[PDB]
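Quick notes on the structure that follows.
2 protein chains.
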Amino acid sequence: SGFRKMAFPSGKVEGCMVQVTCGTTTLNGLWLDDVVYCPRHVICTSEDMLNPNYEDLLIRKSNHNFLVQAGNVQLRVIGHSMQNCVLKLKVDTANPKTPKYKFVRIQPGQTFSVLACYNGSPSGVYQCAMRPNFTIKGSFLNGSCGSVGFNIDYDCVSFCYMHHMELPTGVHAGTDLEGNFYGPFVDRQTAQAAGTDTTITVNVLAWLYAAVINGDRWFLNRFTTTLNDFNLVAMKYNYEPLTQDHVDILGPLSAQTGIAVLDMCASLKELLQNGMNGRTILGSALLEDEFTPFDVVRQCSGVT
Amino acid sequence: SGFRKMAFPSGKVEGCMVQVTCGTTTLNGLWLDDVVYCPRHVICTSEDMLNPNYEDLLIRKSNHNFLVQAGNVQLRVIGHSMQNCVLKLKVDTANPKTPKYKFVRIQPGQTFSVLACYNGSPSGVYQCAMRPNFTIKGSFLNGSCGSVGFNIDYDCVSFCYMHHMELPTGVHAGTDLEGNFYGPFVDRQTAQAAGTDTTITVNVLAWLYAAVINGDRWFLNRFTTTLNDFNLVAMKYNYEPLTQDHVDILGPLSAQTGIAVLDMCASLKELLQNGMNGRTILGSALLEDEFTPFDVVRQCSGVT
Ligand SMILES: *CC(=O)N1CCN(Cc2cccs2)CC1
Ligand SMILES: *CC(=O)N1CCN(Cc2cccs2)CC1
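Order-wise, the sequence lines are chains A and A'. A prime marks a further copy of an entry chain. With the entry's author numbering, the residue at position 50 of the first sequence is 50, and numbering never jumps. With the entry's author numbering, the residue at position 128 of the second sequence is 128, and numbering never jumps.
See below:
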């Protein structure tokens, strides 16, 4: 029992982190097979970041300008290319610690673990979600760019995020490993505002199921609702509309607990309308939305 | 920017986890050098757990009864002994992935990362604190016992916790790596109630400093207080008394922010007396107490 914000074990990703330096800019890179992946803004000076022409800046760079260090060992760069907003540095040595991996582009509401790194050295691991506005709420200082986000299925790491940027509101923007930003963000030091940070309704419901499974039940009530009725409430409280697809995904948690999805929606509706009245759920005083239904089943079943 | 509940990267500990089976009981063990450490209740049947005599139960066990598997490879057990509530299984092979390590016994209010494991296989990593009542609030299913808690200083893992038990209230009890329980708990299926779960005041103050550093400032006020005045409030709200030692430890965060410790105590006093009025601090609707002052400095400075 107990339910915690839990990250994937990070060792498989730790084995892939390197330092990349171009001129006097240092950030992190991801070494899989004989390619190192890093944000293309490694080629920029702070001056360049105002309005960079990355194709033009990259012409002035050679293989020998990209200093790639894996712990204390230098890697030999034998090619480089730009793919969207990432550079791919071909090195002469396959990473011997390369795990089974995939590159995935995640949808808003999906969760992933971040291995925050500085100078190719892991500092910490925490759990994130791709927000509906395509930001993430991370913990990233200067030098953390190129840190990645991932999920693990048994022995296969699915990399879904590489860190590129901070918005003035303190939320985070990155790319997938094809270098395509999540959302409308660009790797330029310009006016970029996040849209509405809407709450991931299907995740809140999953977490309420987690709460019941782990003994927190005070918020269960005598009510039910409908998807359309619930969605009137979701709209008012800047929650994502609940769809039958979301109901279908919560089916296993419904089955395990014997609480119909729409009955849990009626509990959530009352929590939205009445607040928590100074009470807590799984140690939280607000409605937690960064556990997916898959996360809840995993943590409640002990998958490795 | 951003401030997240962050665990240590877990790879160094992942390399140490093994499965231990005695008869039909399977849990986790920690393989450092040529010793595997595990809870002594691995020798028990559920029957035995009511009132176990571990010295008497252990007489019926031989080296060959302890099945130790490191991934898919069996380890050869060449000795066993009991130290307090842990068994030490001597194996014929030093773990080649043994990190630099120490065994430390932590104090209440100290934080650590847990690598939750099942059948010697890591499932997840999360951050914990040793509570003032010597429980931890973890996420542990049957089979998770022997999962450990640790801190990392650069390249040295300090192991401070091994998981043994759940209290009926859903909080967790374990030992250090000498097998001595934190608090009054015993490895027996008996009436064990946790004492008051008091709030770790010095950690809340650290986290309020983290909040200011990361742009959350609404709770800063025009007031100051004294240690004795603040402590009258702490007593009323089941907070740990604040000492000059705690004030001294917050000195660096005081210095960095220019907010005197006793001024931050006056902010905390008003938050205790008035609540959050439906507002949040670093994404929390309650006062977070599982970041130490060292944690805040680390995450705010990007230590690896
Ligand atoms: C994440 C990180 O390390 N940094 C330092 C580099 N900096 C480059 C810029 C990208 C867009 C605006 S400036 C980003 C933050
Ligand atoms: C943590 C874990 O794996 N388990 C299974 C074994 N169980 C033994 C007991 C210890 C005291 C009471 S029963 C503990 C939970």
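Note that the Cβ used here is the ideal one computed from N, Cα and C, for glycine as well.
Query: At a cut-off of 6 Å, is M49 (chain A) close to ligand 4 when judged by its beta-carbon and the heavy atoms of the ligand?; Result: Looking at this structure, you won't find ligand 4 anywhere; what it does contain is ligand 1 and ligand 2.
Query: If you measure between the beta carbons of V36 (chain A') and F150 (chain A'), is that distance less than 7 Å?; Result: no
Query: I need the boundaries of the beta strand (DSSP E) containing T198 (chain A'), first residue and last residue.; Result: Counting along the chain, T198 (chain A') falls outside any beta strand (DSSP E), and DSSP gives it neither H nor E.
Query: Which of the three DSSP states is assigned to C38 (chain A') in this structure?; Result: strand
Query: Apart from the five residues just before and just after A194 (chain A'), which ones in its own chain have a Cβ nearer than 7 Å to its Cβ?; Result: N133, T135, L167, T169 and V171
Query: Examine chain A for any beta-carbon lying closer than 7 Å to the beta-carbon of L67 (chain A'), and answer yes or no.; Result: no
Query: Along the chain, which unbroken stretches of the beta strand (DSSP E) at least 3 residues long are found entirely within the region 122-155 of chain A?; Result: 148-153
Query: Rounded to the nearest angstrom, what separates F223 (chain A) and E270 (chain A) at their Cα positions?; Result: 9 Å
Query: Please state whether DSSP places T257 (chain A') in a helix, a strand or coil.; Result: helix
Query: So with CB distances below 7 Å, who are the chain A contacts of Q19 (chain A')?; Result: The premise fails here: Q19 (chain A') is roughly 11 Å from chain A at the closest Cβ pair, so nothing lies under 7 Å.
Query: Alpha carbon to alpha carbon, how far is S301 (chain A') from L227 (chain A')? Give it in angstroms, no decimals.; Result: 28 Å
Query: Could you check which residue in A':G215, A':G275, A':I152 and A':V247 has the C-alpha nearest to that of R298 (chain A')?; Result: A':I152
Query: Measuring alpha carbon to alpha carbon, tell me which of A:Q189, A:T199 and A:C145 ends up nearest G174 (chain A).; Result: A:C145
Query: Checking contacts by CB at 7 Å: is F3 (chain A) closer than that to chain A'?; Result: yes
Query: Using alpha carbons as the reference points, say which of A:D295, A:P184 and A:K100 lies closest to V202 (chain A).; Result: A:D295
Query: I'd like to know if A285 (chain A) contacts chain A', where contact means its C-beta is closer than 7 Å to some C-beta of that chain.; Result: yes
Query: Taking a cut of 9 Å between CB atoms, which residues from the region 256-286 of chain A lie near chain A'?; Result: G275, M276, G278, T280, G283, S284, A285 and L286
Query: Got a sec: which bits of the region 14-48 of chain A' sit with their beta carbon under 8 Å from any beta carbon on chain A, in order along the chain?; Result: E14 and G15
Query: When we look at the beta-carbon of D289 (chain A') and count the other beta-carbons within 10 Å, is it buried (16 or more) or exposed?; Result: buried
Query: Which residue marks the beginning of the beta strand (DSSP E) containing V73 (chain A), and which one marks its end?; Result: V73 to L75
Query: Would you tell me roughly how many angstroms separate the C-alpha atoms of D92 (chain A') and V20 (chain A'), rounded to the nearest one?; Result: 15 Å
Query: When you compare only the Cα positions, how much space is there between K97 (chain A') and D34 (chain A)?; Result: 24 Å
Query: According to DSSP, which residues form a beta bridge with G29 (chain A')?; Result: A':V18
Query: Can you give me the C-alpha to C-alpha distance between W207 (chain A') and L262 (chain A'), rounded to a whole angstrom?; Result: 15 Å
Query: Where DSSP assigns a beta bridge to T175 (chain A), which residues make up the other side?; Result: A:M162 and A:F181
Query: Please report how far the alpha carbon of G2 (chain A) lies from the alpha carbon of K137 (chain A'), in whole angstroms.; Result: 7 Å
Query: What three-state label does DSSP hand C117 (chain A') in the structure shown?; Result: strand
Query: Measure the Cβ-Cβ separation of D187 (chain A') and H41 (chain A') and say whether it is below 7 Å.; Result: yes
Query: Does the region 99-115 of chain A touch the region 48-67 of chain A, meaning 3 or more C-beta pairs lie closer than 8 Å?; Result: no
Query: For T304 (chain A'), decide whether its Cβ has a neighbour in chain A, counting only Cβ atoms nearer than 7 Å.; Result: yes
Query: Based on DSSP bridge pairs, tell me the residues matched to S284 (chain A).; Result: A:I281
Query: Would DSSP call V104 (chain A) helix, strand or coil?; Result: coil
Query: Taking CB distances under 7 Å as the criterion, tell me whether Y54 (chain A) reaches chain A'.; Result: no
Query: When you compare only the Cα positions, how much space is there between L287 (chain A) and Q244 (chain A)?; Result: 21 Å
Query: I want to know whether the region 77-85 of chain A touches the region 50-63 of chain A - three or more CB-CB distances under 8 Å.; Result: yes
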